[PDB]
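S.K.: coordinates only, sequence not included:
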């Protein structure tokens, strides 16, 4: 099957890493890249631009008082000075837009590793 290292959240063939460190989008992207990872991708499913569906294991570990930088969803964009972060509204996390320079924690993802 697939596994993730200590402190990473498994889902499917992926592993998520929550970085609590406040950074701009660009610096969050660079940080994920330094982990041989990428900003976490949640493009689908989405019927409207603000919709995001997160795996439970990840969602339950997010701080509801914070917004997290994630991968920009290109399907909703016709480069841009706005970037995409998830933010909690009442009971639901939503995709929201912010100027890319804003300081937020972020979520990276890598592939999971197989074990024989």
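M.R.: Okay, I see it. Numbering: from 1, shown residues only.
S.K.: which stretches of this protein form strands?
M.R.: 2-3, 9-11, 14-23, 38-39, 68-69, 82-89, 92-99, 104-111, 113-114 (DSSP state E).
S.K.: mean neighbour count, the ones you listed: which tops it?
M.R.: Ranked by mean neighbour count under mean count of other Cβ atoms under 10 Å, the strands of the chain are led by strand 68-69, which reaches a mean of 28. For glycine as for every other residue, the C-beta is placed from the backbone atoms N, C-alpha and C.
S.K.: and the contacts of that strand?
M.R.: 18, 23, 25, 28, 39, 62, 83-86, 104-107 (Cβ atoms under 8 Å, 6 or more residues apart in numbering).
S.K.: likewise stretch 10-19?
M.R.: So stretch 10-19 is contacted by 2-5, 7-9, 28, 31-32, 35, 37, 40, 55, 57-58, 61-62, 68, 105-112 (Cβ under 8 Å, 6+ apart).
S.K.: rerun that using 7 Å as the cut-off
M.R.: 2-4, 8-9, 31, 35, 37, 40, 55, 57-58, 61, 105-112 (Cβ atoms under 7 Å, 6 or more residues apart in numbering).
S.K.: now stretch 80-99
M.R.: Residues contacting stretch 80-99 (Cβ under 7 Å, 6+ apart): 25, 49-52, 54, 59, 64, 67-70, 72-73, 100, 104.
S.K.: in helices only, show me these.
M.R.: 25, 59 (DSSP state H).
S.K.: just flag the most distant two among the contacts of stretch 80-99.
M.R.: Greatest spatial distance among the contacts of stretch 80-99 (Cβ to Cβ): 59 and 100, at 23.8 Å.
S.K.: nearest to residue 45 among the contacts of strand 68-69?
M.R.: Of these, the one sitting nearest to residue 45 (Cβ to Cβ) turns out to be residue 86, at 14.6 Å.
S.K.: tell me the spacing between the closest one and residue 40.
M.R.: 9 Å (Cβ to Cβ, to the nearest Å).
S.K.: show me the contacts for the closest residue to residue 85 other than its chain neighbours.
M.R.: The spatially closest residue to residue 85, leaving aside those adjacent along the chain, is residue 67, at 4.5 Å (Cβ to Cβ, 6 or more residues apart in numbering). Contacts for residue 67 were tallied using Cβ under 7 Å, 6+ apart; they are 85-87, 96, 104.
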